[PDB]
$ cat target_24.txt   # compact mmCIF, C-alpha atoms
# COMPACT_ATOMS: atom_id res chain seq x y z
CA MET A 801 0.00 0.00 0.00
CA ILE A 802 2.79 2.34 0.85
CA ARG A 803 4.89 1.98 -2.25
CA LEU A 804 1.85 1.86 -4.44
CA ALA A 805 0.10 4.97 -3.26
CA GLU A 806 3.49 6.58 -3.62
CA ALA A 807 3.21 5.83 -7.30
CA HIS A 808 -0.24 7.40 -7.39
CA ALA A 809 0.89 10.71 -5.98
CA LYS A 810 4.04 10.32 -8.01
CA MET A 811 1.60 10.58 -10.83
CA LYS A 812 -0.21 13.86 -10.74
CA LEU A 813 3.26 15.12 -9.80
CA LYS A 814 2.64 15.40 -6.06
CA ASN A 815 5.74 15.68 -3.89
CA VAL A 816 3.52 15.10 -0.87
CA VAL A 817 0.60 12.77 -0.65
CA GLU A 818 -2.97 13.65 -0.18
CA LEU A 819 -4.49 11.47 2.45
CA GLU A 820 -6.79 11.14 -0.51
CA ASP A 821 -5.70 8.92 -3.41
CA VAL A 822 -4.94 6.40 -0.71
CA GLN A 823 -8.59 5.48 -0.90
CA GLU A 824 -8.38 3.97 -4.34
CA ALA A 825 -4.98 2.77 -3.31
CA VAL A 826 -6.74 0.55 -0.82
CA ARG A 827 -9.61 0.03 -3.17
CA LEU A 828 -7.30 -1.53 -5.69
CA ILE A 829 -6.33 -4.12 -3.15
CA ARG A 830 -9.93 -4.47 -2.27
CA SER A 831 -10.27 -5.31 -5.95
CA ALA A 832 -8.62 -8.72 -5.83
CA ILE A 833 -10.77 -9.11 -2.77
CA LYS A 834 -13.74 -7.92 -4.79
CA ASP A 835 -12.23 -10.38 -7.20
CA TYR A 836 -12.06 -12.72 -4.18
CA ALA A 837 -15.89 -12.89 -3.82
CA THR A 838 -17.61 -15.13 -6.50
CA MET A 847 -3.26 -18.06 4.30
CA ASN A 848 -6.00 -20.25 3.06
CA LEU A 849 -3.95 -23.35 3.70
CA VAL A 850 -4.10 -22.93 7.44
CA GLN A 851 -7.74 -21.96 7.38
CA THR A 852 -8.77 -25.17 5.76
CA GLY A 853 -6.36 -26.97 7.96
CA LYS A 854 -7.88 -26.04 11.30
CA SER A 855 -10.77 -27.84 12.99
CA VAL A 856 -13.23 -27.98 11.55
CA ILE A 857 -10.25 -28.53 9.21
CA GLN A 858 -7.09 -30.20 10.53
CA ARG A 859 -7.59 -29.23 14.12
CA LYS A 860 -11.16 -30.37 13.77
CA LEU A 861 -9.76 -33.42 12.05
CA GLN A 862 -7.26 -34.62 14.60
CA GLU A 863 -9.56 -33.51 17.37
CA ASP A 864 -12.35 -35.78 16.34
CA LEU A 865 -9.69 -38.33 15.63
CA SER A 866 -8.30 -38.39 19.12
CA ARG A 867 -11.81 -38.07 20.39
CA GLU A 868 -12.84 -41.27 18.71
CA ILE A 869 -9.60 -42.99 19.61
CA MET A 870 -10.38 -42.17 23.20
CA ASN A 871 -13.86 -43.47 22.71
CA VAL A 872 -13.04 -46.85 21.25
CA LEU A 873 -10.34 -47.11 23.85
CA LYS A 874 -12.90 -46.55 26.57
CA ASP A 875 -15.38 -48.91 24.96
CA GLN A 876 -12.53 -51.40 24.39
CA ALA A 877 -11.86 -51.46 28.10
CA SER A 878 -8.92 -49.35 26.92
CA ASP A 879 -7.84 -51.94 24.41
CA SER A 880 -6.58 -50.79 21.05
CA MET A 881 -8.79 -49.24 18.43
CA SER A 882 -8.65 -51.13 15.16
CA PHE A 883 -7.68 -49.58 11.89
CA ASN A 884 -10.94 -50.91 10.63
CA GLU A 885 -13.26 -49.74 13.37
CA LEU A 886 -11.49 -46.43 13.28
CA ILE A 887 -12.11 -45.95 9.58
CA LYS A 888 -15.60 -47.27 10.16
CA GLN A 889 -16.83 -44.89 12.80
CA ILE A 890 -14.89 -42.06 11.15
CA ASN A 891 -16.58 -42.31 7.81
CA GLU A 892 -19.64 -43.51 9.73
CA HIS A 893 -20.20 -40.39 11.59
CA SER A 894 -20.13 -39.22 8.05
CA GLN A 895 -20.75 -35.59 7.55
CA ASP A 896 -17.40 -33.87 7.23
CA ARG A 897 -16.03 -36.47 4.93
CA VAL A 898 -13.08 -38.14 6.52
CA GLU A 899 -11.56 -40.14 3.75
CA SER A 900 -9.82 -43.25 4.95
CA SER A 901 -6.69 -41.93 3.27
CA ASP A 902 -6.98 -38.65 5.07
CA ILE A 903 -7.72 -40.80 8.07
CA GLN A 904 -4.50 -42.68 7.45
CA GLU A 905 -2.66 -39.42 7.17
CA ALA A 906 -3.87 -37.68 10.30
CA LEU A 907 -3.49 -40.91 12.21
CA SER A 908 0.06 -41.05 11.02
CA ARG A 909 0.37 -37.49 12.24
CA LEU A 910 -0.79 -38.05 15.80
CA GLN A 911 1.19 -41.24 16.17
CA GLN A 912 4.26 -39.60 14.75
CA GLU A 913 3.32 -36.62 16.87
CA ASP A 914 3.26 -39.16 19.69
CA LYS A 915 -0.12 -37.69 19.93
CA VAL A 916 -0.77 -41.29 19.19
CA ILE A 917 1.04 -44.55 19.72
CA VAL A 918 -0.20 -47.42 17.29
CA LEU A 919 0.86 -50.34 14.70
CA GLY A 920 0.47 -53.47 12.19
CA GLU A 921 -0.23 -53.75 8.47
CA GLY A 922 -4.01 -54.04 8.38
CA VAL A 923 -3.80 -53.68 12.12
CA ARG A 924 -3.94 -50.17 13.37
CA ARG A 925 -3.88 -50.55 17.06
CA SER A 926 -4.62 -47.59 19.22
CA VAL A 927 -2.40 -44.88 20.56
CA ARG A 928 -1.14 -43.49 23.71
CA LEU A 929 -0.85 -39.79 23.22
CA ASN A 930 1.89 -38.64 25.44
CA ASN A 931 1.98 -35.54 23.27
CA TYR B 907 -12.75 -27.76 32.97
CA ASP B 908 -9.36 -28.77 31.66
CA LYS B 909 -7.51 -26.53 34.11
CA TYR B 910 -9.58 -27.70 37.03
CA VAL B 911 -9.11 -31.10 35.47
CA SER B 912 -5.39 -30.46 35.74
CA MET B 913 -5.59 -29.48 39.36
CA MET B 914 -7.79 -32.39 40.33
CA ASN B 915 -5.33 -34.49 38.39
CA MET B 916 -2.69 -33.16 40.69
CA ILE B 917 -4.64 -33.81 43.89
CA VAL B 918 -5.39 -37.28 42.61
CA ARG B 919 -1.83 -38.05 41.62
CA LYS B 920 -0.64 -36.75 44.96
CA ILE B 921 -3.17 -38.63 47.07
CA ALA B 922 -2.52 -41.74 44.99
CA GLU B 923 1.23 -41.91 45.26
CA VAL B 924 1.01 -40.71 48.84
CA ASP B 925 -1.61 -43.32 49.71
CA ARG B 926 0.57 -45.91 48.09
CA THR B 933 -11.56 -48.05 47.79
CA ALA B 934 -12.77 -45.04 45.83
CA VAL B 935 -14.64 -43.48 48.74
CA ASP B 936 -11.44 -43.19 50.74
CA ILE B 937 -9.84 -40.98 48.13
CA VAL B 938 -13.01 -38.90 47.90
CA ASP B 939 -12.93 -38.46 51.64
CA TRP B 940 -9.21 -37.96 52.16
CA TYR B 941 -8.77 -35.49 49.36
CA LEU B 942 -11.97 -33.70 50.31
CA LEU B 943 -10.54 -33.73 53.82
CA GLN B 944 -7.44 -32.15 52.33
CA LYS B 945 -9.61 -29.80 50.27
CA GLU B 946 -11.75 -28.51 53.15
CA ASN B 947 -8.63 -26.62 54.22
CA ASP B 948 -9.10 -24.66 50.99
CA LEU B 949 -12.88 -24.62 51.28
CA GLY B 950 -13.83 -21.08 50.42
CA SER B 951 -17.51 -22.03 50.26
CA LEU B 952 -19.72 -24.88 51.30
CA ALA B 953 -20.95 -24.53 47.73
CA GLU B 954 -17.33 -25.17 46.86
CA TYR B 955 -17.35 -28.14 49.22
CA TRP B 956 -20.31 -29.51 47.29
CA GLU B 957 -18.84 -28.53 43.94
CA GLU B 958 -15.50 -30.19 44.58
CA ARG B 959 -17.44 -33.14 45.94
CA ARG B 960 -19.49 -33.01 42.75
CA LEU B 961 -16.55 -32.90 40.34
CA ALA B 962 -14.64 -35.50 42.29
CA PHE B 963 -17.67 -37.74 42.16
CA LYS B 964 -17.97 -36.94 38.48
CA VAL B 965 -14.30 -37.53 37.83
CA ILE B 966 -14.27 -40.82 39.67
CA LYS B 967 -17.38 -41.53 37.66
CA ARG B 968 -15.29 -40.74 34.58
CA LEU B 969 -12.13 -42.78 35.15
CA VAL B 970 -14.34 -45.61 36.37
CA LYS B 971 -17.01 -45.44 33.67
CA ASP B 972 -14.13 -44.58 31.34
CA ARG B 973 -10.65 -45.61 30.78
CA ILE B 974 -8.44 -44.99 33.69
CA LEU B 975 -8.86 -47.54 36.45
CA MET B 976 -8.29 -51.11 37.43
CA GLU B 977 -10.72 -53.26 39.43
CA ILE B 978 -9.17 -56.51 40.64
CA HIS B 979 -12.18 -58.34 42.05
CA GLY B 980 -15.58 -56.66 42.08
CA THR B 981 -16.14 -57.82 45.64
CA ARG B 982 -13.56 -55.23 46.67
CA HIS B 983 -13.45 -53.40 43.37

$ encode --input "target_24.txt" --output "structure tokens"
Amino acid sequence: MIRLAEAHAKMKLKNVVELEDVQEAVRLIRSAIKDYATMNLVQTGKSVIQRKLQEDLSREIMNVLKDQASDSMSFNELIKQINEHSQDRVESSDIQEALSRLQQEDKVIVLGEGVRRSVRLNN
Amino acid sequence: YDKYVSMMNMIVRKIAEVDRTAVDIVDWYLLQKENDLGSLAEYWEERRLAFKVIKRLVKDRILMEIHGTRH
């Protein structure tokens, strides 16, 4: 905004800027925004996006733990309840990914090929 | 509740290691807690959340019950 408006008042041959001409200066930015109507990465990636994601994830993990008498949640049952509660569409691949994340985050501790045991989040 | 949860976690950890029947913890740590009772409503609230918490690590994961006679 600074440099730009400086071009504006450069034009019209102004050695000092009107507080005016900054309006359109903003406006022009507001144009791609007005072209934005019809950073993002994070936004999608926060619950309800990725925070939402892992949150529900852990949530469920906790659940099937509890209902397992704390025994491990299965890869299968995981995927099952996670697409099951259906809604925000947790794709089993995405599932695989976030799972990987928590485990690797030691937000989860689990293993096997077709066996995803549960976690212990120490972190 | 997470912060309270953290505190209660501390009282529980402390009373557990230090002790090393659920009611006895309720009573000993509420005995401990009465020293910090700022209200009888707080007595009943801490009693309530202890009862609830016990209810939680019993009804949910964290517990062990060796024989239901005693357990």

$ closest_atom_pairs --input "target_24.txt" --of "chain A" --to "chain B" --cutoff "7 Å" --atoms "all atoms listed in the file" --output "tab-separated table"
residue	atom	partner	partner_atom	distance
A:874	CA	B:973	CA	4.9
A:877	CA	B:973	CA	6.5
A:878	CA	B:973	CA	5.6

$ residues_around --input "target_24.txt" --residues "residue 959 of chain B" --least-positions-apart "5" --cutoff "10 Å" --atoms "only C-alpha atoms" --output "VMD selection string"
chain B and resid 938 to 939 941 to 942 945 953 to 954 964 to 965

$ atom_distance --input "target_24.txt" --atom1 "atom CA of residue 946 of chain B" --atom2 "atom CA of residue 926 of chain B"
21.9 Å

$ closest_residue --input "target_24.txt" --among "A:898, A:808, A:917, A:930" --to "residue 860 of chain A" --atoms "all atoms listed in the file"
A:898

$ residues_around --input "target_24.txt" --residues "residue 899 of chain A" --least-positions-apart "5" --cutoff "12 Å" --atoms "only C-alpha atoms" --output "list in words"
residues 861, 886, 887, 888, 889, 890, 891, 892, 893, 894, 904, 905, 906 and 907 of chain A

$ atom_distance --input "target_24.txt" --atom1 "atom CA of residue 834 of chain A" --atom2 "atom CA of residue 805 of chain A"
19.0 Å

$ atom_distance --input "target_24.txt" --atom1 "atom CA of residue 926 of chain A" --atom2 "atom CA of residue 881 of chain A"
4.6 Å

$ closest_residue --input "target_24.txt" --among "A:824, A:914, A:902, A:921" --to "residue 857 of chain A" --atoms "all atoms listed in the file"
A:902

$ residues_near_point --input "target_24.txt" --point "(-3.4, -47.0, 18.3)" --cutoff "8 Å" --atoms "only C-alpha atoms" --output "PyMOL selection string"
chain A and resi 869+880-882+911+916-919+924-928

$ closest_residue --input "target_24.txt" --among "B:978, B:949, B:917, B:937" --to "residue 963 of chain B" --atoms "all atoms listed in the file"
B:937

$ residues_around --input "target_24.txt" --residues "residue 914 of chain B" --least-positions-apart "4" --cutoff "9 Å" --atoms "only C-alpha atoms" --output "ChimeraX atom specification"
/B:909-910,918-919,961-962,965

$ write_last_selection --input "target_24.txt" --atoms "C-alpha atoms" --output "PDB file, in the coordinates of the input"
ATOM      1  CA  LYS B 909      -7.510 -26.530  34.110  1.00  0.00           C
ATOM      2  CA  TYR B 910      -9.580 -27.700  37.030  1.00  0.00           C
ATOM      3  CA  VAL B 918      -5.390 -37.280  42.610  1.00  0.00           C
ATOM      4  CA  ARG B 919      -1.830 -38.050  41.620  1.00  0.00           C
ATOM      5  CA  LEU B 961     -16.550 -32.900  40.340  1.00  0.00           C
ATOM      6  CA  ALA B 962     -14.640 -35.500  42.290  1.00  0.00           C
ATOM      7  CA  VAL B 965     -14.300 -37.530  37.830  1.00  0.00           C
TER       8      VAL B 965
END
